Amino acid sequence: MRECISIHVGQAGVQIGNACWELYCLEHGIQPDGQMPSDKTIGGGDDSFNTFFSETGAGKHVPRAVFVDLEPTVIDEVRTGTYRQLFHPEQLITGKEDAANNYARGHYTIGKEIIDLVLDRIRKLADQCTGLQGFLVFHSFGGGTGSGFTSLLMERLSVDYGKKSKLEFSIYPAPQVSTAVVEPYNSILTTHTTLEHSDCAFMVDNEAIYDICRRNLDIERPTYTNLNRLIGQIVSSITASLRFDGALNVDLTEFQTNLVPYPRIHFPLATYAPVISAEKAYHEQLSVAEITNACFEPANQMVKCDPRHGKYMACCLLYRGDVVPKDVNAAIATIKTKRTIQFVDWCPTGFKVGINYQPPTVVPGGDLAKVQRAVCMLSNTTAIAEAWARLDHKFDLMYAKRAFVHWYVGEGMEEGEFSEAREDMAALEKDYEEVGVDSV
Amino acid sequence: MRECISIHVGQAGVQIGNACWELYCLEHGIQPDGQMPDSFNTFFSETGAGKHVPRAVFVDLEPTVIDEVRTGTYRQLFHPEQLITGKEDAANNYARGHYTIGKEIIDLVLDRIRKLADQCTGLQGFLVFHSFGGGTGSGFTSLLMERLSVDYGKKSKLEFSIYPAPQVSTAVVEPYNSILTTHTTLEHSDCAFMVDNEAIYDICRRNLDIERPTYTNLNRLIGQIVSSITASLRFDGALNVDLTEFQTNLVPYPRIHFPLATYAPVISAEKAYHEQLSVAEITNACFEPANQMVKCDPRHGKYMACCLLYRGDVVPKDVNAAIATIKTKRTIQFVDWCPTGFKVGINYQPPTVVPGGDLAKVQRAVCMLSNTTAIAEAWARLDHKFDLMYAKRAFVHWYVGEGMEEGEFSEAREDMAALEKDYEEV
Amino acid sequence: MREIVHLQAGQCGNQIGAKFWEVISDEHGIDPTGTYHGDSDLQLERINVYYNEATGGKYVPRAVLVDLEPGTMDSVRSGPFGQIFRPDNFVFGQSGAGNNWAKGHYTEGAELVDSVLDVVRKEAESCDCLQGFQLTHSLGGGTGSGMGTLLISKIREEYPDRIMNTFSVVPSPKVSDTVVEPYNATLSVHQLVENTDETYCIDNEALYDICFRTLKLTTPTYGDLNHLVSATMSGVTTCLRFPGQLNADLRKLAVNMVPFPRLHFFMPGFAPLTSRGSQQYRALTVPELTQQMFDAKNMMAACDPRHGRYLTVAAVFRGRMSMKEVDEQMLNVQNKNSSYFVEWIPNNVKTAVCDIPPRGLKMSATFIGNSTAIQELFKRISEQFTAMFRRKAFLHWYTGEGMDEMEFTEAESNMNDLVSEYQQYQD
Amino acid sequence: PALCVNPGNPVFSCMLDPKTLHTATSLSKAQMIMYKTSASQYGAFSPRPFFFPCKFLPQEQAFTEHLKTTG
Amino acid sequence: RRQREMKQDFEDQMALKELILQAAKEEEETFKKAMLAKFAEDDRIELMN
């Protein structure tokens with residue numbers, strides 16, 4: 001009785017969700033009819049689907065998902081894919097016409113017409129929940145329904161719900177590679193509405209996933225099947241303390257107590273330590289202490305910021321598999337003795353560990369192998385300050401020559417939100433500068 | 001928990017690599033899938049279920065000799081990530097080896113060595129070999145010396161160098177890199193000794209009837225040298241002495257360390273029909289200078305420091321009767337201040353036998369070591385034949401054009417002359 | 001469910017459209033009489049985007065055809081695919097224009113424009129949720145340039161926020177094929193720079209350069225040249241026609257690549273083009289496409305972009321390909337050539353992939369590049385226009401029947417500012 | 001199945017039926033119209049994926065009193 | 001027993017639903033072929049005149 005609704009927005013939200021709901025169905029016995037297989041099961045006695053499923057009178061199950069898009073084509077494939085019989089036919093909310101890479105269109109003109117339909121449907125899964133914990137926004141930063149339409153959920157989901165712990169998983173635009181040229185306008189104007197309105201906000205750039213695939217594994221040339229399979233592992237490992245029993249149960253509430261110093265500092269990083277190829281997995285031991293010092297590396301941190309620049313603020317660990325609660329307290333002995341990994345002065349303890357029993361599965365055709373031990377390490381670094389200083393220098397080259405603005409003015413958006421949002425993230429960027437200064 | 005790391009640098013080094021790793025692969029029987037058909041735990045490291053990995057590196061700056069290694073039989077016996085290759089060939093060039101090309105993979109090699117440093121708990125010695133003859137050997141090994149020393153400082157790093165002959169060589173502007181390496185081996189290694197081995201040309205047909213050899217028939221005996229040095233660490237003995245205990249006794253003056261001797265019964269089956277081998281008789285055969293593996297002579301030199309490695313059916317009675325009876329005769333001139341001149345190590349298990357080599361099956365074997373002033377005449381001959389090219393400035397532009405000076409050329413020689421002025425008084 | 005209304009203009013417009021509906025039909029798999037007989041249903045699940053449905057599965061293309069000379073309007077009714085357009089939609093003119101633009105705009109242009117508007121609003125009422133409009137014309141003639149400029153001027157009364165593209169045929173720099181062409185061309189652009197949200201530029205001799213050099217076809221007629229450009233105008237409107245991994249329709253291509261609303265003059269090209277000699281020889285991987293689209297030689301508008309700088313570029317990738325491969329191979333065009341890319345935009349390229357390729361190929365791609373090379377084009381006509389205005393050459397064919405001489409000088413100021421607009425954004 | 005074996009543009013004559021690739025975990029796929037997201041839900045089940053004990057997560061005794069009232 | 005008996009009328013209602021959609025498709029295609037025969041007759045009488 002610990003429900004946890006996941007709501008996905010946009011083309012990044014759908015295609016992460018396809019990899020996400022591949023894995024959730026495969027952990028339990030949900031085949032794409034939704035009926036668990038009949039093996040003349042006398043007992044049954046499994047109530048591990050209840051976080052992400054609801055049991056009907058028949059053998060079916062329905063997920064909690066609210067797939068939302070303004071673009072009808074990518075939501076049309078999940079309508080006629082092999083998961084056609086799984087999702088309830090109304091939960092695949094589509095739009096009527098696309099947003100097309102405009103924050104103004106995504107938030108003012110074409111994103112406002114759909115939203116009166118979805119927010120009824122979140123109630124139809126809210127009332128079914130009994131002890132609902134918090135949501136999971138899956139969204140992007142490039143396009144209109146990822147940047148602007150998600151800006152309009154957060155201004156109305158906060159006042160309608162309040163004390164539910166919302167979490168998100170963005171895809172930050174890279175410092176060097178890019179798909180769109182208009183995206184630094186979107187990525188500043190989306191912070192001002194998600195600084196106040198997202199409780200905890202995980203954030204992963206698509207460069208280190210683009211880098212760790214070509215380097216740790218023996219594979220080259222991946223697509224978004226191989227990126228979103230990796231992100232779909234992280235979302236399962238965070239929530240898995242709600243699904244399967246272990247030694248220390250870190251639910252969704254206790255992360256944000258142990259990871260956020262100040263309410264304006266809630267942007268941690270994320271990693272995944274035993275990512276390895278199945279040709280490569282049986283060569284090396286993957287011990288308890290081999291998956292932590294090979295997790296504090298600067299080469300396997302999923303955002304393009306180097307943590308040898310800033311100093312660590314808070315760290316959280318989520319082990320998974322066959323892990324004794326002893327050797328996680330001797331791996332810390334190797335980390336804290338080093339001089340490379342600096343913690344901030346006012347945080348002596350600086351850790352939060354968690355153990356869970358059930359080892360990860362593999363999807364058939366999946367790049368990462370099966371293991372016995374696995375850990376996801378969420379840390380809060382000061383060195384995330386440079387992932388914005390690389391961005392706003394690509395925003396002044398926009399705005400001081402005043403290019404690409406004539407699209408944004410006539411939609412229903414005035415110019416005053418540009419210079420307000422630039423100084424607003426400049427208020428946030430100064431706040432990281434002061435907490436890293438040592439107090440004597 | 002008594003690790004040693006081994007290095008096969010050079011075309012001559014991988015022709016050791018066949019031999020030295022064939023004898024490491026028959027000291028304990030190692031299948032080429034790493035599962036045997038806890039003495040191995042120097043080299044290997046057990047994986048999750050059932051595979052063993054040797055932490056030994058073939059470090060060559062051209063992919064050709066590395067892909068010959070991979071097309072050898074031992075494909076998955078050597079794990080390919082440890083072995084260093086380079087996309088652009090250095091080709092004698094210390095500048096391209098050191099500064100320009102090596103700086104992009106130096107972080108990769110250091111990532112690898114700090115990845116296996118967690119296995120490296122009780123490490124007894126980073127054994128290194130290298131030839132001087134190219135950018136396979138000189139520069140990238142040198143930069144590893146400095147960067148590993150500023151990463152730990154304390155750990156054991158040792159080196160048993162390879163040196164050019166006076167008569168023959170592969171490249172002949174190679175004395176540039178030999179002078180540079182004599183300057184730069186003094187800094188960040190505990191030890192630098194004798195795999196200079198020109199005389200293995202003499203030995204491989206003098207004693208074992210195999211005329212027309214390769215480097216490999218020579219380098220069987222270079223591997224057998226390696227076995228005698230590190231086998232006392234690898235196996236329990238009567239009076240075993242490990243490598244840290246070696247380093248705390250081998251080095252009189254902290255910049256003065258360079259000996260000369262052999263593995264003693266380098267004897268084939270043809271002589272092994274008839275020669276009744278004794279510890280005394282084989283060391284009687286050994287003490288003759290003409291069967292050395294350093295082209296020098298301590299018969300007319302001063303037998304200063306010593307060491308002894310014994311394997312097999314060795315008795316303290318036998319070794320001490322030999323010590324006494326050869327200590328008597330002044331056909332060997334002894335040294336001034338040091339009275340005795342012997343130190344002993346004892347091994348139970350007799351050395352393994354590899355087919356396709358010079359040697360034959362032995363009940364037992366002896367060695368020696370004799371650290372003398374007989375490298376002074378060899379460095380004097382290298383002094384005699386280096387200055388001919390630095391008078392008229394050969395090949396300097398190829399070095400200079402990528403990131404160096406004539407200052408390092410004008411400093412390394414005077415540092416080598418400083419080491420000779422260390423050597424001339426003792 | 002969202003769809004595009006095709007509409008043509010002129011003898012060049014009709015002859016393009018007869019080979020545009022010739023190449024969209026059997027990629028959807030349609031017989032010459034209008035019954036779907038293709039293999040897989042994936043092409044059927046959104047066939048309504050360019051097609052319309054009737055009794056018994058008889059499909060009707062929804063294109064609106066207008067031309068003033070009925071002697072070449074019947075040439076496409078007698079073609080192989082002439083029997084699929086419903087003959088209510090043929091709007092013929094009883095007399096020709098005479099290649100003066102204002103006849104196509106005032107005297108005999110305004111006579112038919114009540115009827116051409118009658119069929120589109122009858123059609124657009126029958127549309128469900130319309131998205132855009134699609135136009136083909138040449139600038140060089142009063143049948144094509146004059147008629148289209150009167151249509152697009154007062155279609156912005158009724159359909160303002162509908163995303164309009166026009167696929168012009170700009171006159172060639174070496175030989176323009178009409179004597180009194182540049183009066184028509186300079187007067188056309190003033191109705192183009194304020195109305196049309198996008199416009200393309202197809203030089204007629206740059207397609208001749210392709211059959212000169214790349215394809216080296218022996219005997220290319222206009223059937224061959226119309227087929228080379230009709231594939232390009234199929235690649236743009238494709239991500240709403242098939243599913244993809246990262247899709248991009250017309251609105252996402254527009255708001256992501258023009259920086260300023262009177263700076264929208266484009267420059268297209270189509271990537272996989274191979275002669276019969278080199279086709280046995282040619283590599284087929286993803287960087288082999290970056291050779292084709294970013295070759296200035298393979299560019300179907302005349303001016304080479306070495307004389308100017310790009311602002312934003314587009315690259316839609318029809319095929320089943322690795323995403324990283326595209327993304328890795330797009331920075332490596334920016335790095336080795338960074339002098340042809342401006343600095344106040346961080347990244348220039350626009351990425352789009354669609355899974356279903358053109359019928360048979362592995363991969364294919366289309367490039368649309370907004371450049372400052374086109375000011376070297378637009379400087380040419382403005383000089384060419386002044387040589388016939390100051391000495392009043394061929395004046396009386398326009399003055400005595402339409403507007404006075406101010407409209408020429410106003411069209412100079414609408415033209416001279418744009419060339420100064422490109423240059424100010426060049427550095 | 002060609003537009004023109006040498007049309008003003010490209011052309012190709014082939015059997016789409018054979019233009020299909022089967023899946024050991026699934027079935028053949030019209031390669032001519034190969035599904036870009038074909039892999040999506042394109043696999044064959046294996047208890048091999050099943051890890052160790054099914055030991056799952058549930059709390060009936062909770063409701064036993066929680067679902068019910070109390071003291 | 002009751003939890004078993006829900007699935008049988010589940011399966012039965014989906015089976016009969018698939019049957020009635022197949023019947024609807026059959027009558028629609030019979031309609032379409034009747035229309036095509038009428039238009040062929042129309043083409044014939046026009047040509048005869």
# chains A, B, ... in the order shown; residues from 1 in each chain; ligands from 1
call {"tool": "select_by_dssp", "arguments": {"residues": "region 115-183 of chain A", "states": "alpha helix (DSSP H)", "output": "PyMOL selection string"}}
result
chain A and resi 115-126+144-147+149-161+183
call {"tool": "interface_residues", "arguments": {"of": "chain A", "to": "chain E", "cutoff": "12 Å", "atoms": "only C-alpha atoms", "output": "ChimeraX atom specification"}}
result
/A:35,38,40-42,55-60
call {"tool": "closest_atom_pairs", "arguments": {"of": "chain C", "to": "chain E", "cutoff": "12 Å", "atoms": "only C-alpha atoms", "output": "CSV"}}
result
residue,atom,partner,partner_atom,distance
C:54,CA,E:32,CA,11.3
C:55,CA,E:32,CA,7.9
C:56,CA,E:32,CA,5.4
C:57,CA,E:32,CA,8.5
C:58,CA,E:36,CA,10.3
call {"tool": "write_last_selection", "arguments": {"atoms": "N, CA and C atoms", "output": "short mmCIF file (atom, residue, chain, number, x, y, z; two decimals), in the first residue's frame"}}
result
data_model
loop_
_atom_site.label_atom_id
_atom_site.label_comp_id
_atom_site.auth_asym_id
_atom_site.auth_seq_id
_atom_site.Cartn_x
_atom_site.Cartn_y
_atom_site.Cartn_z
N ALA C 54 -12.98 8.66 -50.36
CA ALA C 54 -14.30 8.76 -51.00
C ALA C 54 -14.96 7.38 -51.00
N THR C 55 -15.97 7.21 -51.85
CA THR C 55 -16.77 5.99 -51.83
C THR C 55 -16.00 4.79 -52.37
N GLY C 56 -16.01 3.71 -51.61
CA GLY C 56 -15.39 2.48 -52.06
C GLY C 56 -13.89 2.51 -52.12
N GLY C 57 -13.24 3.30 -51.26
CA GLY C 57 -11.80 3.32 -51.22
C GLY C 57 -11.14 4.05 -52.36
N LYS C 58 -11.90 4.79 -53.16
CA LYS C 58 -11.32 5.54 -54.26
C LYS C 58 -10.72 6.82 -53.69
#
call {"tool": "interface_residues", "arguments": {"of": "chain B", "to": "chain A", "cutoff": "12 Å", "atoms": "only C-alpha atoms", "output": "PyMOL selection string"}}
result
chain B and resi 33-35+44-54+76-81+107-108+111-112+114-119+151
call {"tool": "write_last_selection", "arguments": {"atoms": "C-alpha atoms", "output": "PDB file, in the first residue's frame"}}
result
ATOM      1  CA  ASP B  33      41.499 -19.569 -20.356  1.00  0.00           C
ATOM      2  CA  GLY B  34      42.825 -18.724 -16.896  1.00  0.00           C
ATOM      3  CA  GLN B  35      41.323 -21.739 -15.110  1.00  0.00           C
ATOM      4  CA  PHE B  44      47.204 -13.346 -10.669  1.00  0.00           C
ATOM      5  CA  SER B  45      43.966 -12.118  -9.172  1.00  0.00           C
ATOM      6  CA  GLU B  46      40.934 -14.357  -9.010  1.00  0.00           C
ATOM      7  CA  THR B  47      37.800 -12.944 -10.582  1.00  0.00           C
ATOM      8  CA  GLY B  48      34.201 -13.467  -9.415  1.00  0.00           C
ATOM      9  CA  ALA B  49      33.824 -17.172 -10.152  1.00  0.00           C
ATOM     10  CA  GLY B  50      36.735 -18.738 -11.950  1.00  0.00           C
ATOM     11  CA  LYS B  51      39.204 -16.737 -14.096  1.00  0.00           C
ATOM     12  CA  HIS B  52      42.753 -15.549 -13.343  1.00  0.00           C
ATOM     13  CA  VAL B  53      44.423 -12.437 -14.820  1.00  0.00           C
ATOM     14  CA  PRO B  54      48.176 -11.683 -15.039  1.00  0.00           C
ATOM     15  CA  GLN B  76      42.801 -14.864 -23.516  1.00  0.00           C
ATOM     16  CA  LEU B  77      45.671 -15.817 -21.212  1.00  0.00           C
ATOM     17  CA  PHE B  78      46.881 -12.213 -21.527  1.00  0.00           C
ATOM     18  CA  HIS B  79      44.102  -9.729 -20.989  1.00  0.00           C
ATOM     19  CA  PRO B  80      44.461  -7.051 -23.707  1.00  0.00           C
ATOM     20  CA  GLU B  81      43.582  -3.899 -21.747  1.00  0.00           C
ATOM     21  CA  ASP B 107      45.887   9.286 -18.109  1.00  0.00           C
ATOM     22  CA  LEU B 108      44.641   5.956 -19.497  1.00  0.00           C
ATOM     23  CA  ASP B 111      43.768   4.871 -14.751  1.00  0.00           C
ATOM     24  CA  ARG B 112      44.665   1.224 -15.401  1.00  0.00           C
ATOM     25  CA  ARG B 114      45.248   2.787 -10.176  1.00  0.00           C
ATOM     26  CA  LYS B 115      42.503   0.330 -11.058  1.00  0.00           C
ATOM     27  CA  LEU B 116      44.709  -2.664 -10.205  1.00  0.00           C
ATOM     28  CA  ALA B 117      46.330  -0.825  -7.271  1.00  0.00           C
ATOM     29  CA  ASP B 118      43.407  -2.045  -5.126  1.00  0.00           C
ATOM     30  CA  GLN B 119      44.627  -5.564  -5.815  1.00  0.00           C
ATOM     31  CA  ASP B 151      51.701   9.389  -7.083  1.00  0.00           C
TER      32      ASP B 151
END
call {"tool": "residues_around", "arguments": {"residues": "region 129-135 of chain A", "least_positions_apart": "3", "cutoff": "6 Å", "atoms": "only C-alpha atoms", "output": "ChimeraX atom specification"}}
result
/A:2-6,126,164-166
call {"tool": "write_last_selection", "arguments": {"atoms": "N, CA, C and O atoms", "output": "PDB file, in the first residue's frame"}}
result
ATOM      1  N   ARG A   2       1.802   1.324  -0.935  1.00  0.00           N
ATOM      2  CA  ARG A   2       2.689   2.474  -1.086  1.00  0.00           C
ATOM      3  C   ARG A   2       2.732   2.862  -2.564  1.00  0.00           C
ATOM      4  O   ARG A   2       3.657   2.519  -3.304  1.00  0.00           O
ATOM      5  N   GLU A   3       1.752   3.637  -2.999  1.00  0.00           N
ATOM      6  CA  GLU A   3       1.604   3.908  -4.418  1.00  0.00           C
ATOM      7  C   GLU A   3       2.490   5.067  -4.842  1.00  0.00           C
ATOM      8  O   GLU A   3       2.875   5.910  -4.032  1.00  0.00           O
ATOM      9  N   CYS A   4       2.824   5.099  -6.132  1.00  0.00           N
ATOM     10  CA  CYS A   4       3.803   6.068  -6.614  1.00  0.00           C
ATOM     11  C   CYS A   4       3.546   6.318  -8.099  1.00  0.00           C
ATOM     12  O   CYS A   4       4.062   5.589  -8.946  1.00  0.00           O
ATOM     13  N   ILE A   5       2.795   7.368  -8.397  1.00  0.00           N
ATOM     14  CA  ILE A   5       2.335   7.641  -9.753  1.00  0.00           C
ATOM     15  C   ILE A   5       3.480   8.229 -10.561  1.00  0.00           C
ATOM     16  O   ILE A   5       4.157   9.151 -10.105  1.00  0.00           O
ATOM     17  N   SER A   6       3.719   7.688 -11.752  1.00  0.00           N
ATOM     18  CA  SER A   6       4.719   8.239 -12.661  1.00  0.00           C
ATOM     19  C   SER A   6       4.017   8.897 -13.839  1.00  0.00           C
ATOM     20  O   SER A   6       3.225   8.253 -14.524  1.00  0.00           O
ATOM     21  N   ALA A 126      -5.279   9.557  -8.559  1.00  0.00           N
ATOM     22  CA  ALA A 126      -4.992  10.003  -7.199  1.00  0.00           C
ATOM     23  C   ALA A 126      -5.962   9.402  -6.190  1.00  0.00           C
ATOM     24  O   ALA A 126      -5.565   9.071  -5.069  1.00  0.00           O
ATOM     25  N   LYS A 164       3.051  16.531  -1.620  1.00  0.00           N
ATOM     26  CA  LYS A 164       3.506  15.314  -2.269  1.00  0.00           C
ATOM     27  C   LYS A 164       4.878  15.572  -2.873  1.00  0.00           C
ATOM     28  O   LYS A 164       5.087  16.590  -3.539  1.00  0.00           O
ATOM     29  N   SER A 165       5.810  14.654  -2.631  1.00  0.00           N
ATOM     30  CA  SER A 165       7.218  14.868  -2.952  1.00  0.00           C
ATOM     31  C   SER A 165       7.452  14.598  -4.433  1.00  0.00           C
ATOM     32  O   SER A 165       7.604  13.451  -4.850  1.00  0.00           O
ATOM     33  N   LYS A 166       7.505  15.661  -5.232  1.00  0.00           N
ATOM     34  CA  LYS A 166       7.695  15.545  -6.670  1.00  0.00           C
ATOM     35  C   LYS A 166       9.175  15.427  -6.999  1.00  0.00           C
ATOM     36  O   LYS A 166      10.004  16.141  -6.428  1.00  0.00           O
TER      37      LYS A 166
END
call {"tool": "residues_around", "arguments": {"residues": "region 76-93 of chain A", "least_positions_apart": "3", "cutoff": "8 Å", "atoms": "only C-alpha atoms", "output": "compact mmCIF listing (two decimals) with N, CA and C atoms, in the first residue's frame"}}
result
# COMPACT_ATOMS: atom_id res chain seq x y z
N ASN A 18 8.82 4.18 -22.37
CA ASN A 18 8.81 2.89 -23.05
C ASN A 18 9.91 1.98 -22.53
N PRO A 32 2.61 -8.54 -21.58
CA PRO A 32 1.84 -7.44 -22.19
C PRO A 32 0.33 -7.59 -22.34
N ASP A 33 -0.26 -8.71 -21.91
CA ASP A 33 -1.69 -8.72 -21.65
C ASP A 33 -2.03 -8.10 -20.30
N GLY A 34 -1.07 -8.01 -19.40
CA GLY A 34 -1.33 -7.58 -18.04
C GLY A 34 -1.65 -8.70 -17.09
N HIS A 61 -3.75 -5.96 -14.89
CA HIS A 61 -3.21 -4.86 -14.12
C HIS A 61 -3.14 -3.64 -15.01
N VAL A 62 -3.24 -2.47 -14.40
CA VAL A 62 -3.14 -1.23 -15.16
C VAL A 62 -1.99 -0.42 -14.55
N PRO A 63 -1.14 0.20 -15.35
CA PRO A 63 -0.09 1.05 -14.79
C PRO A 63 -0.67 2.39 -14.36
N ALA A 65 0.58 5.27 -15.33
CA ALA A 65 1.23 6.24 -16.19
C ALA A 65 0.24 7.23 -16.78
N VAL A 66 0.70 8.46 -16.96
CA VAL A 66 -0.04 9.48 -17.69
C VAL A 66 0.90 9.96 -18.79
N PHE A 67 0.82 9.33 -19.95
CA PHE A 67 1.65 9.72 -21.08
C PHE A 67 1.03 10.95 -21.74
N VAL A 68 1.79 12.03 -21.83
CA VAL A 68 1.26 13.30 -22.33
C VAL A 68 2.14 13.77 -23.47
N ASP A 69 1.52 14.17 -24.58
CA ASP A 69 2.27 14.84 -25.64
C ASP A 69 1.35 15.76 -26.42
N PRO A 72 1.40 14.05 -31.97
CA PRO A 72 0.62 12.80 -31.98
C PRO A 72 1.38 11.58 -32.48
N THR A 73 2.52 11.74 -33.15
CA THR A 73 3.13 10.60 -33.84
C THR A 73 3.85 9.66 -32.90
N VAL A 118 -5.83 16.78 -18.88
CA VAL A 118 -4.92 15.89 -18.17
C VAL A 118 -5.13 15.98 -16.67
N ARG A 121 -7.45 13.76 -15.24
CA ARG A 121 -7.04 12.36 -15.24
C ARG A 121 -6.02 12.04 -14.17
N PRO C 243 6.22 7.53 -38.21
CA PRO C 243 6.83 7.65 -36.89
C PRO C 243 8.34 7.76 -37.00
N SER D 40 11.13 -2.10 -29.60
CA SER D 40 10.11 -1.84 -28.56
C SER D 40 9.22 -3.07 -28.44
N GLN D 41 9.20 -3.70 -27.26
CA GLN D 41 8.38 -4.90 -27.05
C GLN D 41 8.65 -5.94 -28.13
N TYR D 42 9.92 -6.17 -28.46
CA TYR D 42 10.29 -7.20 -29.47
C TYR D 42 11.29 -8.17 -28.84
call {"tool": "residues_around", "arguments": {"residues": "region 16-25 of chain D", "least_positions_apart": "3", "cutoff": "12 Å", "atoms": "only C-alpha atoms", "output": "PyMOL selection string"}}
result
(chain A and resi 364-365) or (chain C and resi 38-40+359-362) or (chain D and resi 1+12-13+28-35+38-39+41-46)
call {"tool": "write_last_selection", "arguments": {"atoms": "C-alpha atoms", "output": "CSV table (one decimal), in the first residue's frame"}}
result
chain,number,residue,atom,x,y,z
A,364,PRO,CA,16.7,-9.5,-23.3
A,365,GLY,CA,18.9,-7.7,-25.8
C,38,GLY,CA,0.5,-1.4,-51.0
C,39,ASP,CA,2.1,-4.0,-48.8
C,40,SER,CA,2.2,-2.9,-45.2
C,359,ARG,CA,11.3,3.1,-50.8
C,360,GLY,CA,14.3,0.7,-51.0
C,361,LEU,CA,17.2,2.8,-49.7
C,362,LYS,CA,18.9,2.3,-46.4
D,1,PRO,CA,8.4,-2.9,-58.5
D,12,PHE,CA,14.6,-0.1,-57.0
D,13,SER,CA,12.7,-3.4,-57.9
D,28,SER,CA,10.3,-11.4,-39.4
D,29,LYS,CA,9.9,-7.6,-40.0
D,30,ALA,CA,9.3,-6.0,-43.4
D,31,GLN,CA,12.8,-4.4,-43.7
D,32,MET,CA,11.5,-2.3,-46.6
D,33,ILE,CA,9.1,-0.8,-43.9
D,34,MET,CA,11.3,-2.0,-41.0
D,35,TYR,CA,9.9,-0.7,-37.7
D,38,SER,CA,10.5,-2.5,-33.8
D,39,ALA,CA,12.7,-3.5,-30.8
D,41,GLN,CA,8.4,-4.9,-27.1
D,42,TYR,CA,10.3,-7.2,-29.5
D,43,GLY,CA,11.7,-10.1,-27.3
D,44,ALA,CA,11.2,-13.7,-26.2
D,45,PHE,CA,10.7,-14.6,-22.4
D,46,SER,CA,13.4,-16.5,-20.4
call {"tool": "residues_around", "arguments": {"residues": "region 186-190 of chain A", "least_positions_apart": "2", "cutoff": "6 Å", "atoms": "only C-alpha atoms", "output": "JSON, numbers by chain"}}
result
{"A": [103, 141, 147, 183, 184, 192, 193, 421]}
call {"tool": "interface_residues", "arguments": {"of": "chain C", "to": "chain D", "cutoff": "10 Å", "atoms": "only C-alpha atoms", "output": "VMD selection string"}}
result
chain C and resid 22 to 23 26 to 27 39 to 43 215 217 220 to 231 243 to 245 272 to 274 276 319 to 321 353 to 362
call {"tool": "atom_distance", "arguments": {"atom1": "CA of residue 311 (chain C)", "atom2": "CA of residue 343 (chain C)"}}
result
9.0 Å
call {"tool": "residues_around", "arguments": {"residues": "residue 428 (chain A)", "least_positions_apart": "6", "cutoff": "9 Å", "atoms": "only C-alpha atoms", "output": "mmCIF file with N, CA, C and O atoms, in the first residue's frame"}}
result
data_model
loop_
_atom_site.group_PDB
_atom_site.id
_atom_site.type_symbol
_atom_site.label_atom_id
_atom_site.label_comp_id
_atom_site.auth_asym_id
_atom_site.auth_seq_id
_atom_site.Cartn_x
_atom_site.Cartn_y
_atom_site.Cartn_z
ATOM 1 N N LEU A 195 12.627 26.138 -10.264
ATOM 2 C CA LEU A 195 13.410 26.372 -9.058
ATOM 3 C C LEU A 195 12.529 26.286 -7.828
ATOM 4 O O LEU A 195 12.932 25.729 -6.805
ATOM 5 N N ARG A 264 17.013 26.100 -1.850
ATOM 6 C CA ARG A 264 17.395 26.498 -3.192
ATOM 7 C C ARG A 264 18.530 25.652 -3.747
ATOM 8 O O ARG A 264 18.979 25.907 -4.865
ATOM 9 N N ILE A 265 19.006 24.664 -3.007
ATOM 10 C CA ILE A 265 20.058 23.774 -3.479
ATOM 11 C C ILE A 265 19.457 22.374 -3.494
ATOM 12 O O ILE A 265 19.532 21.641 -2.509
#
